[PDB]
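Structure assessment
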Amino acid sequence: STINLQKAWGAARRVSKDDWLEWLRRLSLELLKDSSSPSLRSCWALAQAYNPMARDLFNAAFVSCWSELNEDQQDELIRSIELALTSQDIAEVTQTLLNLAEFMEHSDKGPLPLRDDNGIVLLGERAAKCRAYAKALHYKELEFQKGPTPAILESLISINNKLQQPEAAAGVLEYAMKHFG
Amino acid sequence: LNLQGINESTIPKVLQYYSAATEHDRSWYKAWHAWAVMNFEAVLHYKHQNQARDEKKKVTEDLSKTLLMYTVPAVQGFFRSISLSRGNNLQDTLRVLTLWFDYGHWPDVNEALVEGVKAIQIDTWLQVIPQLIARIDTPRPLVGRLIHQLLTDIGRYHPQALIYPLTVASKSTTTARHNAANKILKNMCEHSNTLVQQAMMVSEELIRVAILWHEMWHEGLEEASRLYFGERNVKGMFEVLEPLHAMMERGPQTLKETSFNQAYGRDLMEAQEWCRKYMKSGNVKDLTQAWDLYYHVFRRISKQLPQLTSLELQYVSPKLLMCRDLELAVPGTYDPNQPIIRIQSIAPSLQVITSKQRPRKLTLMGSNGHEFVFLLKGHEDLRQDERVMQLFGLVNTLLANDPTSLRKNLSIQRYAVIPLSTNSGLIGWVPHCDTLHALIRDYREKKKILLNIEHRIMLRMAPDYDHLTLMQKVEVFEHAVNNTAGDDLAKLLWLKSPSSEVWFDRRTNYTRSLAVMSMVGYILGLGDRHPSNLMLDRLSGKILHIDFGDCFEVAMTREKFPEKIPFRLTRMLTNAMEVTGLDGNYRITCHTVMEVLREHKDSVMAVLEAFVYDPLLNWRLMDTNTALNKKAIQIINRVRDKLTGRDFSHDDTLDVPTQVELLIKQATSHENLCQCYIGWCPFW
Amino acid sequence: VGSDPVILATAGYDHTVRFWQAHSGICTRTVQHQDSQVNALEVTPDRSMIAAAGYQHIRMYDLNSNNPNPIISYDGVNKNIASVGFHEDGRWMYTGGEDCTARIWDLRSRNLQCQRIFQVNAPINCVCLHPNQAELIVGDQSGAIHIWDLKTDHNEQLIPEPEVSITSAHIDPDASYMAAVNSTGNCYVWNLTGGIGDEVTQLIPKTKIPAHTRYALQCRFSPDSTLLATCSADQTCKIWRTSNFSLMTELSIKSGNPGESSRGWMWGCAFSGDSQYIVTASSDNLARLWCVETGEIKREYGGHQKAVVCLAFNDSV
Ligand SMILES: Nc1ncnc2c1ncn2[C@@H]1O[C@H](COP(=O)(O)OP(=O)(O)NP(=O)(O)O)[C@@H](O)[C@H]1O
Ligand SMILES: [Mg+2]
Ligand SMILES: [Mg+2]
């Protein structure tokens, strides 16, 4: 359990993209080592052997171990994840972390408390930088549903243009102008 | 015409111009079509004159050469234009078909048809067969003879296309229809041997399977109990039981018929004898005894058939259970030009769907090895729906004619309709088809949300909400709507999606489908479709409609909890739509659909004229309102008014955006929604 | 009940018409109209009799008695009935609602046979009665007001806002006047003086009165022809003076805290006695006596279970 944090705390020592990939791999392997389900504790050895089995099973073992970890330990792992997100722009690690965020948003347990407002800013930004333009649109619409803001409306217009749908951009602009100046 | 219109002083001038264009290029289909259509429009204008003067026979006879002077060349030009085009030619063919049906007593039209129908390809006549078998050998020999000739001609090329429609038609009660069916079917058996007989066997077996003796007696004894116990109509009760008693007397043919006779028929015969003794002796105690017996039989059958789940074909149809490689096209097929799929076999039993109504889920394996699923059902008039699907095909073709609607894939989702005789038939089962009401229930149940919360809020404020005034209802309704968040379907749209991209695409297709269906619903006369009849696709998210009901502008006649607006966009739908709501994509789609309708208003008017004109279907419009033929003419006039922007501002010309905005503002009328039936759950 | 002048008649959806002293809040007796909700109430100038209009009933009771037993009693048309009214001479009662046919039912009758019928537009939302024996105002769902002569079915049609339905219309004393409010609620006032013939004349457009209304519910007059009042579908009532038709005061039942907001719509208004007091009500089951030109709420009556609506009251004995 706590071992999973020890690799996670390694996020405070990674700089290069290969270093962050190694961090994700080692965290995946240790998550597999002490998974609640024996079907993953058995696959720990194979994940060490191959590598991509650690990637595929990273979400599954992460969910169970994070569930077992208490509030402080969960917050520590979350801070490690936030260091990874705010440190370097890596499509693979960022997309994997965004997938974790998506599952936790969908799952009844609630989203990861990655930062303030669940990192809906950062997540959206990352979804724009990893070219997941629809993902960034979803995060920007989560911001929108709290209330219309000129920055939010302009960001939606930009994302709609980025999604090659001028119709949505025009409609968003019309809504913005009718609602406010 | 754009400077003058069509009238007596303008017809020959424009006809001369079109004829000159034809002479300069006789190979140009557009000029021939223009000349024929101008002659048809002249026929319509002189018909307007005929109705203006005759309604205030001599005028009709006087115009019987003026109208022929355009009708005969209209018919001939339509024939030549049809010979010069394919696919869209059916439109021109329809322009012929309705026209001479209205003028099917003049001999010149008969000569023109008899010589000109041979300029049409028979494969395109195949698309006309239903409206031929509706009018074959009716009391108008100049029409009936030609229709019989046409159907016999069709039989020489594609008899399989005629076997099913004529097999259904032969069960019509009319003597002439039955006998004409016999003649054409013999002329077909000259080519196909006994495939007519095989199809008749299959149809009869399916008809018997669709409704058991248990179910026929269930309905009949419910009516008998109502009449004797409710109305005290002894004579009506005996009238209802008379054919039912006759069926029981005739004896069984299958294991469930025999089982019914063993279980219920033995007692039902005693009740029958008591009724017979009353009707010659006056023993009302015998009526009470027979009625109580019928009551017990009815309750026993009602308790017997929630188990009607697995219907074994052995006990209702040994013939069909031992189905073999019958050279019969699979129902729902076929393209004549292609490798027609023959029926290999069917599953040993049927799955019945549990509801107030009990369709049978039939599974069939054809020559290509594929499975085809169908919904057999009785007590159901499917000709209406078949015409509605033809109209959907019309609209889909119109959208396919627009490059905007080709790059933006707009189309109405279609499915099979296969009527059988005696108000029954095979509908067709569509996979991944989910009721919107059931989807909201799914979300609420998975999150432990009570389903009737909105209605409970309404009734807490007003336990007697129904008998309130308009503003009282609006107060209670708006308070309840403010006290709820009708956004379940948006959450399910997000949750059921695997990824953000699929969610985005499904939302786009969803909104486009909503816009297209709302506009088509207003124009074609949508109305009576509760959320139960409103279905969703699991893959595309596009909306489907299974019940068509009275949606021909007559469902608007309702007064007991209407149906005040032909169409509706609910709060739940807008909540699942984009951030823009109406703005952007939805309004653009509505404008595009209305533009397609306006531009091709002539085709839509002709097809709706075809539907409204046919007496067999037109007689069913007397269930609602009004001189039936005059109301039919009025309905076509209102169709033109909607297709010319004259529905909200009759004494004006509504532009496309003007009419769209007026329709939107009608749909925003929450005051109408408070009055409407709660089946359309108004809080969503 | 009818023997005490300051009694106010109140009723809601809960099938009970209560009678309570205006200046004290003390309820005296009740009446039962279990057929349907109240669409309208009225206290006769005849001194005395009760009317209550609801779905398929004009229930008429004996206002003087401590038990107001039924009078005629209707048991009216088979459609929703909205309005009421008693003539000042002990003459016919007037019934509206759907269908487009105004029914006339005598007070002295003891059966369901109608005495006269008048032609109207879309179902009647309101009826009001002049002291004149040959004038009667009706407001319809079509946005059209209709005068008729009470004797000959000679009528005048008025439509001040055709696309906006009219809900309440009333008179002023000194006979021939008219005021009305509609689905926008921007009140209109005309002078009807005067004449009977093939058309009942003459409408004289006097003024338009801007009530703070998004949908108006009821507008009524003062016995002394000094005041008018109107009620909005949102949370307010308003008062003007007849001499200049300029805004005197207002009642705002919408608290500053959003938690108590949308307590109910302001159903019904009229004045009682001197030009100082006014009776109104809300659908939160609160019938209210407050002041003219002052806005001070004096008495509040929470004696009902379901949505008080369209008050009526006595003024004298
Ligand atoms: N193409 C279809 N695909 C899937 N389910 C269908 C389809 N058509 C009908 N149903 C389902 O079976 C039920 C409808 O049965 P049905 O007897 O056709 O209704 P109905 O009341 O008879 N319609 P109508 O007679 O026109 O008013 C519903 O529960 C549907 O979910
Ligand atoms: Mg049916
Ligand atoms: Mg059906």
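Look above for the structure.
Below is a short write-up of the structure. (Residues numbered from 1 in each chain as written, not as in the entry; some residues may be left out. Chains lettered and ligands numbered in written order. Part of a larger assembly, values for the part shown. Heavy atoms only, no water.)

**Some points on the overall build of chain B**
Heads up, the condition is: In this description a helix means any DSSP run of H or I spanning at least four residues, a strand means any run of E spanning at least two, and both kinds are numbered starting from the N terminus. When we talk radius of gyration, it's over C-alpha atoms, and the globule rule is simply 2.2 Å times the number of residues to the 0.38. Relative accessibility under 20% of the residue-type maximum defines a buried residue, over 50% an exposed one, and the middle range a partly exposed one, all with a 1.4 Å probe and only protein chains included. Every accessible area reported is derived by Shrake-Rupley at a probe size of 1.4 Å, with residue values counting cover from the shown protein chains alone.
Counting its regular elements, chain B contains 30 helices and 11 strands. A compact globule built from 684 residues would reach a C-alpha radius of gyration of about 26 Å, and chain B, at 28 Å, matches this within 12%. For chain B, the spread of C-alpha atoms along the principal axes amounts to about 85 × 70 × 60 Å. The buried share among the 684 residues of chain B stands at 52%. Of the roughly 32900 Å² of accessible surface on chain B, 53% is carried by carbon and sulfur atoms.

**Details of the interface of chain A and chain B**
For an interface, size is often stated in terms of accessible area lost upon the parts coming together. Selection criterion: Whether two residues touch is decided by their heavy atoms; if any such pair falls within 4.5 Å, the residues are in contact. In short, buried area is how much 1.4 Å probe accessible area vanishes from two parts on joining, totalled over both. Salt bridges are identified by distance alone: a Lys or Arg side-chain nitrogen within 4 Å of an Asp or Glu carboxyl oxygen. Pairs of N or O atoms within 3.5 Å make up the polar contacts considered here, provided that, within protein, one atom can donate a hydrogen while the other can accept it, and that residues adjacent in sequence are counted only when both atoms are side-chain atoms.
Across the contact, 18 residues belong to chain A and 18 residues belong to chain B. The junction of chain A with chain B conceals about 1600 Å² of combined surface from both sides, 54% of it contributed by carbon and sulfur atoms. For the pair chain A and chain B, the interface holds four salt bridges. With a closest N to O distance of 2.4 Å, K408 of chain B and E167 of chain A form a salt bridge. For the pair chain A and chain B, the interface holds seven residue pairs in polar contact. Those elements giving two or more residues to the side of chain A that touches chain B turn out to be helix 8 (133-146) and helix 10 (166-179) of chain A. Considering every element that reaches the side of chain A that touches chain B, the biggest residue donor is helix 10 of chain A, with seven residues.

**Remarks on a nonpolar patch on the surface**
All names here are of chain B. To keep it simple, the criterion reads: A patch consists of residues whose relative accessible area exceeds 30% and which take part in no salt bridge; residues with like charges are grouped when within 9 Å of each other, and nonpolar side chains (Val, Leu, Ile, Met, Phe, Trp, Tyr) when within 5 Å.
A cluster of nonpolar side chains, contributed by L616, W619 and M622, occupies part of the molecular surface with about 320 Å² of accessible area. Mapping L616 onto the fold places it in helix 27 (residues 615-618). Looking at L616, the relative accessible area reads 40%, which means it is partly exposed.

**Some points on the nonpolar core**
All names here are of chain B. Defined as follows: Note on terminology: a nonpolar core comprises buried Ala, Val, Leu, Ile, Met, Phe, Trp, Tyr and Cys residues joined through side-chain atoms within 4.5 Å.
By size, the foremost hydrophobic cluster in this structure holds 229 residues, and its most contacted members are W100, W125, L151, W217, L268 and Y294. Per element, the largest residue contribution to this core is 11 residues, and it comes from helix 3 (residues 58-83). Other than its neighbours up to four places away in sequence, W100 contacts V109, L113, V143, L146 and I147.

**Notes on the coordination of the magnesium ion (ligand 3)**
Residue and element names in this part refer to chain B. This is how it is decided: Any nitrogen, oxygen or sulfur atom within 2.8 Å of a metal ion counts as a donor, with the limit raised to 3.2 Å for Na, K and Ca, and since water is left out, coordination shells can look unfinished.
At the metal site, the magnesium ion (ligand 3) is ligated by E380 (OE) and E380 (OE), and these contacts range over 2.0 to 2.1 Å. Separating the magnesium ion (ligand 3) from the magnesium ion (ligand 2) is a distance of 5.2 Å. Along the chain, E380 falls in the loop between strand 6 (371-378) and helix 17 (383-400).

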